[PDB]
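First up is the structure itself, then whatever we jot down about it.
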Amino acid sequence: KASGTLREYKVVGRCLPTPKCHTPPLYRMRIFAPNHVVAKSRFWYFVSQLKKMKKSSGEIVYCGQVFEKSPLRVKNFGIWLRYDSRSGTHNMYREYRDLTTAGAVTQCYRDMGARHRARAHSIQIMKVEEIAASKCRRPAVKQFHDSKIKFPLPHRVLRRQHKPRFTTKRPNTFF
Amino acid sequence: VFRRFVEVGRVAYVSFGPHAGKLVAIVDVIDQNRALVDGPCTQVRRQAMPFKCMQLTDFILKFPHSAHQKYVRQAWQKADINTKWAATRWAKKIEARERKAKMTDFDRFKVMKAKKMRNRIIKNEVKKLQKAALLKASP
Amino acid sequence: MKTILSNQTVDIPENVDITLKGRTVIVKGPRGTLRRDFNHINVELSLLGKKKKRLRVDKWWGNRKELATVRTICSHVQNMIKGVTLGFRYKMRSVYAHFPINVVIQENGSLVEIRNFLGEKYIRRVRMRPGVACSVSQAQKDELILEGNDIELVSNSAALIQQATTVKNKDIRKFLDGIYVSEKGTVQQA
Amino acid sequence: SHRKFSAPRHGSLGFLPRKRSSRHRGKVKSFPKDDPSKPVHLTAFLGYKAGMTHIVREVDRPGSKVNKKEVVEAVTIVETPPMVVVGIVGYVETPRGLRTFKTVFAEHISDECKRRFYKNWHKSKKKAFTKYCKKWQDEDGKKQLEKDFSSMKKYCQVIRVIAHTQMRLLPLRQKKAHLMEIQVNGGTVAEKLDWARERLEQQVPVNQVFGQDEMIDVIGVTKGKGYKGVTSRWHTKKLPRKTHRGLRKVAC
Amino acid sequence: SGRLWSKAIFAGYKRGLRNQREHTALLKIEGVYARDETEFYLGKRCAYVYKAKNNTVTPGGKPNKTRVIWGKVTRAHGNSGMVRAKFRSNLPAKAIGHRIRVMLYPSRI
Amino acid sequence: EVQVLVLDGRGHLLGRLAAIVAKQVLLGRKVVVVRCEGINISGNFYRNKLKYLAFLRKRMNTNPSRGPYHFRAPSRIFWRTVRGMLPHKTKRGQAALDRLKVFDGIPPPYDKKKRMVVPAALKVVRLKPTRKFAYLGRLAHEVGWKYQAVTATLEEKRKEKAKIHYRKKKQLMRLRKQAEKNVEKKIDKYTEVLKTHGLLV
RNA sequence: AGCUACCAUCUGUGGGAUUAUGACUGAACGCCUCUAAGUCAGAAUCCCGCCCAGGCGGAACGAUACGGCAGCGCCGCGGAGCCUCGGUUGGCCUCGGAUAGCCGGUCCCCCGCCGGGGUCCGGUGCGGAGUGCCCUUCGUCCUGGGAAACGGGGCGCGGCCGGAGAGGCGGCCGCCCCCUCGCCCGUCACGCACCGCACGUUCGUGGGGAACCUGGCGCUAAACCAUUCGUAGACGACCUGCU
RNA sequence: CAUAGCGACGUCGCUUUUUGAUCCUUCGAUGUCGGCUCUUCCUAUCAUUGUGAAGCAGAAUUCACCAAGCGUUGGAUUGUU
RNA sequence: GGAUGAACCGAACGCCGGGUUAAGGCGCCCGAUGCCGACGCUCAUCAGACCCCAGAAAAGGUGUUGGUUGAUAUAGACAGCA
Ligand SMILES: COC(=O)C[C@](O)(CCCC(C)(C)O)C(=O)O[C@@H]1C(OC)=C[C@]23CCCN2CCc2cc4c(cc2[C@H]13)OCO4
Ligand SMILES: [Mg+2]
Ligand SMILES: [Mg+2]
Ligand SMILES: [Mg+2]
Ligand SMILES: [Mg+2]
Ligand SMILES: [Mg+2]
Ligand SMILES: [Mg+2]
Ligand SMILES: [Mg+2]
Ligand SMILES: [Mg+2]
Ligand SMILES: [Mg+2]
Ligand SMILES: [Mg+2]
Ligand SMILES: [Mg+2]
Ligand SMILES: [Mg+2]
Ligand SMILES: [Mg+2]
Ligand SMILES: [Mg+2]
Ligand SMILES: [Mg+2]
Ligand SMILES: [Mg+2]
């Protein structure tokens with residue numbers, strides 16, 4: 001599974017009806033995939049791991065994107081997950097600040113890849129939930145709980161380094 | 001050392017990106033890199049925005065963080081950011097750059113003639129002042 | 001993790017003033033003037049009031065390593081204040097088993113000569129750092145008095161003297177001779 | 001494999017270009033470090049190897065077996081007729097190194113000195129420095145010379161004097177004088193320039209430069225041996241008598 | 001009276017690492033360092049002007065030493081304002097790093 | 001461009017500036033670099049000194065005279081660095097390599113002219129402030145370059161004369177501003193024209 | 001004599017950054033701590049000096065070709081022309097520097113009337129801005145209003161100063177001769193207007209080589225071979241001498 | 001008294017200076033041991049310069065680090081390595 | 001294309017023009033990121049830099065970054081001093 005800007009998907013599926021149970025139970029999952037096809041594939045993988053289901057043995061009845069109910073509000077996300085490291089499987093709890101749940105999941109993917117070399121295929125996201133500022137446990141997130149937050153931009157790096165490529169004046173980084 | 005800060009109600013100028021050349025007000029701070037950004041009167045709907053495309057100004061509004069569009073818009077209109085900004089040297093420098101860029105060939109010709117005559121008069125006055133200042137002889 | 005802001009404020013006594021030229025700290029006290037710049041550390045220095053003279057050291061968006069620099073700067077500033085107000089006097093005691101250590105304090109205390117360290121014919125010539133005055137204590141038989149304004153210079157001169165009398169090719173645990181710093185103290189005891 | 005026993009290398013790698021010297025005189029390549037504190041003094045001189053002999057003296061070295069005893073030590077005779085300083089060169093420091101700024105030659109160059117400029121003195125018209133010396137008489141020429149002196153004063157760092165020997169005082173066949181730049185040390189640039197100017201056309205006896213019982217350095221070109229084999233050129237080991245294609249060689 | 005053409009540099013031929021397509025060439029128009037700014041110069045006539053030993057006929061003038069290899073810029077190249085030019089004859093390799101004029105002849109503005 | 005491009009080496013990184021120069025000389029452009037001793041190299045001084053000593057160790061064992069010619073002057077070092085980014089074994093590379101001139105300090109042909117600065121190679125913007133860096137002048141001085149002191153003295157004299165020229169130019173600019181103040185009733189007609197089209201804010 | 005031997009005799013050198021290590025201040029971690037920032041000492045190692053050679057690398061200076069028509073140098077952008085090599089298509093004539101700060105101006109202290117300091121006032125997404133500045137070419141003729149008129153032009157002469165790191169450059173006076181022309185807005189018409197077409201527009205009197213004429217100002221030499229030497233040497237080369 | 005100096009039981013590496021395994025090159029030929037001579041290089045450092053530790057009192061010795069600049073010899077026996 | 005390589009990756013071939021790509025790349029060599037690329041980690045006095053592939057293991061680090069589990073704490077922790 002590659003990445004991009006992930007999207008939440010409410011995936012609903014069930015087994016094929018059989019002459020043992022005419023109405024098999026439905027199962028609903030939240031899957032974060034770059035596209036709905038990958039969402040369906042991951043849904044089949046997860047239901048095969050948890051229940052005794054196969055993609056051929058069952059069917060998917062609904063697959064739609066889950067839009068963020070308040071993308072204009074800053075909120076704290078608590079994420080539970082497990083991943084296979086180079087020497088086994090471990091459980092983690094991470095915290096992020098983002099407007100969208102899917103963006104928070106993408107941030108979690110990028111952070112895990114950056115810190116633990118965890119490729120996307122090795123990561124099992126098991127719980128995503130918005131949390132209050134009081135329930136946050138990571139100080140890197142808790143330090144943004146300031147009603148009077150204030151900080152400058154200390155050392156601004158020049159980004160337009162090639163327009164011009166040659167000039168007479170040395171740039172100023174103080175602003 | 002620092003005179004300009006990132007805080008709620010601080011007015012920032014958009015350097016590049018989709019909203020380049022617009023004034024916005026910071027609403028909340030996100031992960032050291034992004035911020036809740038709202039221009040209610042500069043036609044910039046609420047959205048996230050990276051700090052790298054921001055250039056801070058000296059106008060600071062006074063509204064609670066994560067307030068709705070109404071209070072931010074009232075804080076913008078009261079003590080009008082637009083009129084005060086337009087009087088600043090920054091905004092008029094931007095305006096001068098924009099009108100210089102859109103200057104046509106006829107305007108270039110007229111500007112060249114006017115600058116010719118102006119520079120000649122200024123240089124004549126400079127020569128007069130040099131010769132007036134060259135008559136110095138005192139022990 | 002980058003901490004948003006880490007700051008510590010150092011109070012300045014009324015008899016001494018501090019002037020900042022960017023990150024160059026000019027401290028002028030009754031005992032003299034000490035100047036030290038911190039251009040190698042990217043922090044913010046500011047003077048707070050005209051009443052009590054609070055000095056604050058600010059570091060914005062610092063990782064774990066550079067956060068340690070704030071208190072280092074604060075301690076250096078306090079050391080400079082202590083030096084310009086009270087000064088730094090280091091007392092070194094010369095110890096020996098058989099051969100007494102003859103110490104000659106040459107011109108203005110800037111040069112120290114050791115004659116009979118372990119009885120060898122060599123003479124040790126150690127020049128003090130500028131602004132540091134060395135002297136022989138008049139209250140003790142074997143004591144060297146080093147006085148100066150800057151703690152680094154005085155302690156560096158003391159270390160030079162201590163390392164100058166170093167036993168070689170011998171079990172230094174048994175041969176304990178040399179000049180060693182007894183205490184690090186102040187002048188004027190105020 | 002390693003050689004079975006270690007042995008010090010034959011010869012020195014500090015003299016690898018084992019070639020005939022490109023010069024017959026022997027150049028200095030490093031003058032003593034100058035300081036303005038010392039008085040003005042020359043740093044070099046020219047001599048001719050007259051011969052060798054031995055002397056008898058008493059040694060005053062305490063703690064030695066030969067203390068207050070008589071010794072016989074070989075000495076070398078170097079005939080040194082006084083040098084004649086005939087010019088001044090001023091050098092200026094550059095990041096590319098020292099370079100010749102300006103050269104001033106004195107009037108009335110000695111006849112033996114003028115012989116150096118000619119490969120064939122017999123067939124020459126003896127025209128060397130004839131038009132140059134005329135600028136020591138006209139007022140414009142002396143103004144030019146003073147301007148050159150002032151330029152050397154305000155710009156040059158080290159100055160050196162051109163001095164030549166005196167063949168007519170020596171029993172050699174050669175009448176061609178030996179030219180040399182000699183560094184003038186010990187003072188400010190103006191002081192040494194004036195001091196050199198007061199010694200133009202003059203004789204500098206060897207006593208004014210070197211003194212009694214002081215130790216100096218000798219620069220020269222050794223005796224030529226022609227084409228020599230490794231046995232004499234490097235003092236390598238001679239191969240045994242049984243060797244077929246030669247025993248005065250290097251085996252490997 | 002005026003320069004009347006834009007300065008450009010024959011950077012080189014269209015090429016891979018070990019293959020060289022000499023039938024088309026890459027040019028560097030001075031002051032154009034982005035791909036979006038290359039639209040104005042597309043389709044413009046470009047000429048390579050040099051001198052030689054023998055006199056050649058000159059349209060509207062006396063014969064002289066000036067020789068021209070005509071061409072026109074086809075499409076943008078890269079993202080740093082590079083452009084591609086197809087000439088009537090393949091450019092001699094001695095012209096690499098020399099002046100190429102953009103003649104503004106096909107005006108679309 | 002057609003003119004000679006003068007670049008000041010102070011505060012510039014070695015690799016970035018060398019790559020930019022090598023790209024410039026390939027375009028048939030004349031490039032002159034002054035004050036090459038002011039070039040900074042990323043990484044602490046000891047590591048770069050070890051790198052240059054390792055370069056010194058690489059020599060032809062059979063005949064060091066034919067071996068790699070280790071140049072010790074900072075300008076020569078930068079010249080060799082640029083030569084590493086060019087096909088200097090070809091005629092095109094040599095022709096490009098002849099368009100580049102490098103100097104320690106600023107020579108009299110160039111001290112009376114303005115000097116360009118490349119933003120993409122400056123140490124201030126291309127290096128994190130917490131890092132350490134190595135001066136090319138100091139590194140050359142401790143490895144075999146011989147003329148650091150005379151270069152510093154000549155740069156000191158050039159700075160003195162440049163300060164005199166700067167004070168003269170400040171006097172001229174002050175007098176020009178004064179002249180602008182003296183005459184404006186005969187200037188405002190053109191001033192409004194210039195202010196209308198963006199020039200002269 | 002010459003060559004020659006620890007088989008005789010003489011001579012063999014200075015400095016820098018630093019490794020290991022030992023320390024200082026000092027947090028990180030209200031204690032400590034050689035380390036994180038910043039500092040000190042430090043060696044048969046390393047590098048440089050001394051020494052040896054001297055780049056398809058440079059410097060300064062010398063003298064630069066006859067007594068006959070004979071060569072050469074400079075001055076004239078002097079002329080008429082040839083051959084050859086092609087690039088290019090306005091200039092910018094300069095602070096130092098810092099980036100957790102800069103830049104400008106001004107009132108008081110101190111150094112030769114100009115600078116360094118302490119105040120105060122400004123600018124800072126640099127506008128006293130290289131995203132910048134200067135100049136800008138159609139030309140002439142009536143023809144007014146402004147700018148100026150203490151103004152520009154002199155390949156015009158003479159004088160002076162500054163520039164030495166590669167000064168190959170720049171600046172300033174005196175005399176003489178010009179026009180009141182050039183700069184902006186106006187009036188007035190004219191020019192081959194070559195009938196749609198490209199290499200046009202500059203550096204430029206470009207670089208280099210032979211040659212003619214036209215004038216002025218100046219000069220009259222070396223190298224090599226041969227020979228001689230032996231401080232040299234396979235031969236060359238090298239050190240010498242020759243009314 | 002584990003670790004001054006060693007290290008059983010186990011266990012992980014490095015070298016191509018030994019000897020093995022293979023037969024990829026060489027069978028219209030790459031002269032095969034050893035010795036002599038000579039040059040350079042490596043360090044897993046014997047000594048020397050500078051250090052740290054010891055069951056380092058001194059001496060002597062051992063262990064360890066920076067370290068390959070300098071040196072590591074004369075002989076009886078054996079063709080010898 | 002992998003610098004280079006009989007086997008690897010892509011892709012198999014009459015001679016050309018235009019266009020688009022694969023594998024792989026886009027500081028300069030050397031065509032292309034002269035994107036105002038995004039997020040984080042990392043200082044190495046033998047750093048690191050891309051299948052095959054051309055160099056490394058066990059064991060450690062109070063260097064730094066995350067994460068798990070547990071414990072103490074205004075009924076005053078922890079660390080220093082007594
Ligand atoms: C019986 O002993 C030999 O084989 C040595 C010799 O005969 C030496 C002859 C050399 C001449 C000049 C006569 O060709 C010979 O043919 O050398 C061969 C030789 O011919 C040149 C080939 C070898 C193969 C590769 C190198 N050459 C190296 C010498 C050698 C040494 C040997 C060997 C074979 C080779 C060969 O077996 C055991 O030791
Ligand atoms: Mg050996
Ligand atoms: Mg035989
Ligand atoms: Mg001997
Ligand atoms: Mg303390
Ligand atoms: Mg250390
Ligand atoms: Mg030191
Ligand atoms: Mg054979
Ligand atoms: Mg053979
Ligand atoms: Mg080792
Ligand atoms: Mg002992
Ligand atoms: Mg050696
Ligand atoms: Mg291939
Ligand atoms: Mg490869
Ligand atoms: Mg094709
Ligand atoms: Mg490549
Ligand atoms: Mg390219």
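Residues in the structure tokens are numbered from 1 in each chain, the chains being A, B, ... in the order shown, and ligands are numbered from 1 in the order shown.
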
Checklist entry - Using only C-alpha atoms (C1' of nucleotides) and all ligand atoms, what are the residues with an atom within 10 Å of ligand 12, set out as an MDAnalysis selection string? => result (chainID D and resid 9 13) or (chainID H and resid 68:70)

Restricting the output to N, CA, C and O atoms (P, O5', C5', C4', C3', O3' and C1' of nucleotides), write the selected residues as a PDB file, in the first residue's frame.
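Heads up, here's the output in out-v1.pdb:
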ATOM      1  N   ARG D   9      68.173   2.801   4.345  1.00  0.00           N
ATOM      2  CA  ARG D   9      68.196   3.112   2.924  1.00  0.00           C
ATOM      3  C   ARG D   9      69.527   3.728   2.512  1.00  0.00           C
ATOM      4  O   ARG D   9      70.136   4.506   3.250  1.00  0.00           O
ATOM      5  N   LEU D  13      66.731  10.849   0.223  1.00  0.00           N
ATOM      6  CA  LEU D  13      65.659  11.311  -0.645  1.00  0.00           C
ATOM      7  C   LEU D  13      65.500  12.823  -0.629  1.00  0.00           C
ATOM      8  O   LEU D  13      64.695  13.353  -1.401  1.00  0.00           O
TER       9      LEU D  13
ATOM     10  P     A H  68      50.836   5.502  12.044  1.00  0.00           P
ATOM     11  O5'   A H  68      52.211   5.419  11.254  1.00  0.00           O
ATOM     12  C5'   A H  68      53.439   5.688  11.917  1.00  0.00           C
ATOM     13  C4'   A H  68      54.571   4.886  11.332  1.00  0.00           C
ATOM     14  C3'   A H  68      54.371   4.451   9.883  1.00  0.00           C
ATOM     15  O3'   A H  68      55.630   4.450   9.216  1.00  0.00           O
ATOM     16  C1'   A H  68      54.651   2.547  11.246  1.00  0.00           C
ATOM     17  P     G H  69      55.991   5.623   8.181  1.00  0.00           P
ATOM     18  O5'   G H  69      56.872   6.638   9.033  1.00  0.00           O
ATOM     19  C5'   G H  69      57.298   7.872   8.474  1.00  0.00           C
ATOM     20  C4'   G H  69      58.431   8.477   9.260  1.00  0.00           C
ATOM     21  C3'   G H  69      59.649   7.593   9.459  1.00  0.00           C
ATOM     22  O3'   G H  69      60.514   7.595   8.339  1.00  0.00           O
ATOM     23  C1'   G H  69      59.058   8.604  11.512  1.00  0.00           C
ATOM     24  P     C H  70      61.306   6.261   7.928  1.00  0.00           P
ATOM     25  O5'   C H  70      62.306   6.014   9.143  1.00  0.00           O
ATOM     26  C5'   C H  70      63.386   6.901   9.393  1.00  0.00           C
ATOM     27  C4'   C H  70      64.083   6.568  10.687  1.00  0.00           C
ATOM     28  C3'   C H  70      64.531   5.125  10.844  1.00  0.00           C
ATOM     29  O3'   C H  70      65.741   4.841  10.168  1.00  0.00           O
ATOM     30  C1'   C H  70      63.425   5.813  12.809  1.00  0.00           C
TER      31        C H  70
END

Next on the checklist: If the cut-off is 9 Å, can you tell me the residues of chain G near chain B, counting only C-alpha atoms (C1' of nucleotides)? I'd like them as a ChimeraX atom specification.
Outcome noted: /G:100-101,113,125,127,131,135-136,147-148,150,183-184

Please, could you write that set of residues out with N, CA, C and O atoms (P, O5', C5', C4', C3', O3' and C1' of nucleotides) as a PDB file, in the first residue's frame?
ATOM      1  P     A G 100      18.865  34.948  13.163  1.00  0.00           P
ATOM      2  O5'   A G 100      19.107  35.420  14.662  1.00  0.00           O
ATOM      3  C5'   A G 100      19.049  36.798  15.014  1.00  0.00           C
ATOM      4  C4'   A G 100      18.862  36.980  16.500  1.00  0.00           C
ATOM      5  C3'   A G 100      20.078  36.640  17.355  1.00  0.00           C
ATOM      6  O3'   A G 100      20.069  37.448  18.529  1.00  0.00           O
ATOM      7  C1'   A G 100      18.299  35.201  17.919  1.00  0.00           C
ATOM      8  P     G G 101      20.909  38.814  18.571  1.00  0.00           P
ATOM      9  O5'   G G 101      20.152  39.757  17.537  1.00  0.00           O
ATOM     10  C5'   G G 101      20.793  40.896  16.985  1.00  0.00           C
ATOM     11  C4'   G G 101      20.833  40.825  15.481  1.00  0.00           C
ATOM     12  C3'   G G 101      21.442  42.023  14.777  1.00  0.00           C
ATOM     13  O3'   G G 101      22.857  41.978  14.759  1.00  0.00           O
ATOM     14  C1'   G G 101      19.413  41.430  13.718  1.00  0.00           C
ATOM     15  P     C G 113      36.119  75.565  10.826  1.00  0.00           P
ATOM     16  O5'   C G 113      36.159  74.575   9.578  1.00  0.00           O
ATOM     17  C5'   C G 113      35.445  73.343   9.602  1.00  0.00           C
ATOM     18  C4'   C G 113      36.122  72.291   8.758  1.00  0.00           C
ATOM     19  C3'   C G 113      35.699  70.853   9.056  1.00  0.00           C
ATOM     20  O3'   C G 113      35.741  70.079   7.856  1.00  0.00           O
ATOM     21  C1'   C G 113      38.016  71.096   9.459  1.00  0.00           C
ATOM     22  P     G G 125       8.832  45.232   6.980  1.00  0.00           P
ATOM     23  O5'   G G 125       8.230  44.232   5.899  1.00  0.00           O
ATOM     24  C5'   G G 125       8.153  44.605   4.529  1.00  0.00           C
ATOM     25  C4'   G G 125       9.202  43.900   3.706  1.00  0.00           C
ATOM     26  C3'   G G 125       8.706  43.334   2.382  1.00  0.00           C
ATOM     27  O3'   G G 125       9.772  43.357   1.434  1.00  0.00           O
ATOM     28  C1'   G G 125       9.468  41.571   3.755  1.00  0.00           C
ATOM     29  P     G G 127      12.737  49.281   2.480  1.00  0.00           P
ATOM     30  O5'   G G 127      13.105  49.981   1.097  1.00  0.00           O
ATOM     31  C5'   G G 127      14.337  50.675   0.933  1.00  0.00           C
ATOM     32  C4'   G G 127      14.296  51.631  -0.235  1.00  0.00           C
ATOM     33  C3'   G G 127      13.366  52.829  -0.067  1.00  0.00           C
ATOM     34  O3'   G G 127      13.920  53.954  -0.744  1.00  0.00           O
ATOM     35  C1'   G G 127      12.677  51.549  -1.931  1.00  0.00           C
ATOM     36  P     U G 131      17.641  41.390  -7.792  1.00  0.00           P
ATOM     37  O5'   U G 131      16.279  42.101  -8.209  1.00  0.00           O
ATOM     38  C5'   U G 131      15.935  42.263  -9.582  1.00  0.00           C
ATOM     39  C4'   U G 131      14.490  42.658  -9.760  1.00  0.00           C
ATOM     40  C3'   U G 131      14.087  43.977  -9.107  1.00  0.00           C
ATOM     41  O3'   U G 131      13.101  44.625  -9.908  1.00  0.00           O
ATOM     42  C1'   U G 131      12.787  42.221  -8.207  1.00  0.00           C
ATOM     43  P     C G 135      19.919  59.557 -16.557  1.00  0.00           P
ATOM     44  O5'   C G 135      20.571  59.020 -17.905  1.00  0.00           O
ATOM     45  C5'   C G 135      21.818  59.516 -18.368  1.00  0.00           C
ATOM     46  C4'   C G 135      22.248  58.790 -19.615  1.00  0.00           C
ATOM     47  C3'   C G 135      21.229  58.790 -20.744  1.00  0.00           C
ATOM     48  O3'   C G 135      21.366  59.942 -21.559  1.00  0.00           O
ATOM     49  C1'   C G 135      22.071  56.590 -20.393  1.00  0.00           C
ATOM     50  P     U G 136      20.358  60.223 -22.776  1.00  0.00           P
ATOM     51  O5'   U G 136      20.847  59.247 -23.936  1.00  0.00           O
ATOM     52  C5'   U G 136      20.079  59.082 -25.116  1.00  0.00           C
ATOM     53  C4'   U G 136      19.768  57.632 -25.389  1.00  0.00           C
ATOM     54  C3'   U G 136      18.317  57.308 -25.696  1.00  0.00           C
ATOM     55  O3'   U G 136      17.957  57.614 -27.030  1.00  0.00           O
ATOM     56  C1'   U G 136      19.188  55.715 -24.175  1.00  0.00           C
ATOM     57  P     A G 147      12.697  77.603 -15.674  1.00  0.00           P
ATOM     58  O5'   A G 147      13.615  76.353 -16.032  1.00  0.00           O
ATOM     59  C5'   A G 147      13.283  75.050 -15.579  1.00  0.00           C
ATOM     60  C4'   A G 147      14.388  74.072 -15.878  1.00  0.00           C
ATOM     61  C3'   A G 147      15.793  74.558 -15.585  1.00  0.00           C
ATOM     62  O3'   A G 147      16.123  74.487 -14.210  1.00  0.00           O
ATOM     63  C1'   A G 147      15.745  73.479 -17.690  1.00  0.00           C
ATOM     64  P     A G 148      17.204  75.502 -13.593  1.00  0.00           P
ATOM     65  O5'   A G 148      18.601  74.863 -14.009  1.00  0.00           O
ATOM     66  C5'   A G 148      19.752  75.677 -14.156  1.00  0.00           C
ATOM     67  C4'   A G 148      20.415  75.455 -15.489  1.00  0.00           C
ATOM     68  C3'   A G 148      21.349  76.561 -15.952  1.00  0.00           C
ATOM     69  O3'   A G 148      22.635  76.477 -15.368  1.00  0.00           O
ATOM     70  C1'   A G 148      19.888  75.996 -17.710  1.00  0.00           C
ATOM     71  P     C G 150      26.628  82.007 -16.156  1.00  0.00           P
ATOM     72  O5'   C G 150      28.146  81.664 -15.823  1.00  0.00           O
ATOM     73  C5'   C G 150      28.609  80.324 -15.890  1.00  0.00           C
ATOM     74  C4'   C G 150      29.257  79.900 -14.599  1.00  0.00           C
ATOM     75  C3'   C G 150      29.105  78.432 -14.232  1.00  0.00           C
ATOM     76  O3'   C G 150      30.030  77.596 -14.905  1.00  0.00           O
ATOM     77  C1'   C G 150      28.688  79.802 -12.332  1.00  0.00           C
ATOM     78  P     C G 183      19.185  66.129 -26.547  1.00  0.00           P
ATOM     79  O5'   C G 183      18.935  66.823 -25.135  1.00  0.00           O
ATOM     80  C5'   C G 183      19.178  66.111 -23.933  1.00  0.00           C
ATOM     81  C4'   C G 183      18.176  66.457 -22.862  1.00  0.00           C
ATOM     82  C3'   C G 183      16.745  66.673 -23.323  1.00  0.00           C
ATOM     83  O3'   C G 183      16.050  65.459 -23.530  1.00  0.00           O
ATOM     84  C1'   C G 183      17.365  68.383 -21.809  1.00  0.00           C
ATOM     85  P     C G 184      14.815  65.402 -24.553  1.00  0.00           P
ATOM     86  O5'   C G 184      13.597  65.994 -23.716  1.00  0.00           O
ATOM     87  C5'   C G 184      13.132  65.342 -22.543  1.00  0.00           C
ATOM     88  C4'   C G 184      11.987  66.095 -21.919  1.00  0.00           C
ATOM     89  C3'   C G 184      10.862  66.481 -22.864  1.00  0.00           C
ATOM     90  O3'   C G 184       9.945  65.425 -23.088  1.00  0.00           O
ATOM     91  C1'   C G 184      11.474  68.356 -21.567  1.00  0.00           C
TER      92        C G 184
END

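Residues of protein or nucleic acid lying within 9 Å of ligand 6, counting only C-alpha atoms (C1' of nucleotides) and all ligand atoms, are residues 21, 34 and 35 of chain G.
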
Next on the checklist: Based on only C-alpha atoms (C1' of nucleotides), which of the residues in chain I come within 9 Å of chain A? I want them as a PyMOL selection string.
Outcome noted: chain I and resi 34+36+39-41+65-68

Checklist entry - Excluding same-chain residues fewer than 4 positions from residue 186 in chain C, what lies within 6 Å of it counting only C-alpha atoms (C1' of nucleotides), as a PyMOL selection string? => result chain C and resi 87-89

Could you write out that same residue set with N, CA, C and O atoms as a PDB file, in the first residue's frame?
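Result file follows (out_12.pdb):
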ATOM      1  N   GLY C  87      34.735  39.134  42.908  1.00  0.00           N
ATOM      2  CA  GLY C  87      35.989  38.607  42.419  1.00  0.00           C
ATOM      3  C   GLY C  87      36.174  37.146  42.773  1.00  0.00           C
ATOM      4  O   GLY C  87      35.438  36.557  43.566  1.00  0.00           O
ATOM      5  N   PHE C  88      37.195  36.550  42.167  1.00  0.00           N
ATOM      6  CA  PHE C  88      37.484  35.135  42.329  1.00  0.00           C
ATOM      7  C   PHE C  88      38.881  34.971  42.903  1.00  0.00           C
ATOM      8  O   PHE C  88      39.865  35.380  42.279  1.00  0.00           O
ATOM      9  N   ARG C  89      38.966  34.375  44.089  1.00  0.00           N
ATOM     10  CA  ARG C  89      40.244  34.059  44.713  1.00  0.00           C
ATOM     11  C   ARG C  89      40.349  32.552  44.863  1.00  0.00           C
ATOM     12  O   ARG C  89      39.544  31.939  45.569  1.00  0.00           O
TER      13      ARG C  89
END

Checklist entry - Can you tell me which residues sit at most 12 Å away from ligand 13, counting only C-alpha atoms (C1' of nucleotides) and all ligand atoms, written as a PyMOL selection string? => result (chain E and resi 17-18) or (chain I and resi 1-5+8-11+23-24)

If you take only C-alpha atoms (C1' of nucleotides) and all ligand atoms and a cut-off of 12 Å, which residues of chain G touch ligand 4, and what are their nearest atom pairs and distances in Å to one decimal, in chain and number order, as CSV?
residue,atom,partner,partner_atom_place_in_ligand_line,distance
G:4,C1',ligand 4,1 (Mg),11.2
G:5,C1',ligand 4,1 (Mg),6.1
G:6,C1',ligand 4,1 (Mg),3.3
G:7,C1',ligand 4,1 (Mg),8.0
G:8,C1',ligand 4,1 (Mg),7.9
G:9,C1',ligand 4,1 (Mg),8.7
G:10,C1',ligand 4,1 (Mg),11.0

Item to check | From C:5, C:64, C:32, C:58, residue lying nearest chain I [only C-alpha atoms (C1' of nucleotides)] | outcome: C:64

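Taking only C-alpha atoms (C1' of nucleotides) and all ligand atoms into account, every polymer residue with at least one atom at most 10 Å away from ligand 1 is listed here: residues 25, 26, 27, 29, 30, 31, 32 and 33 of chain H.
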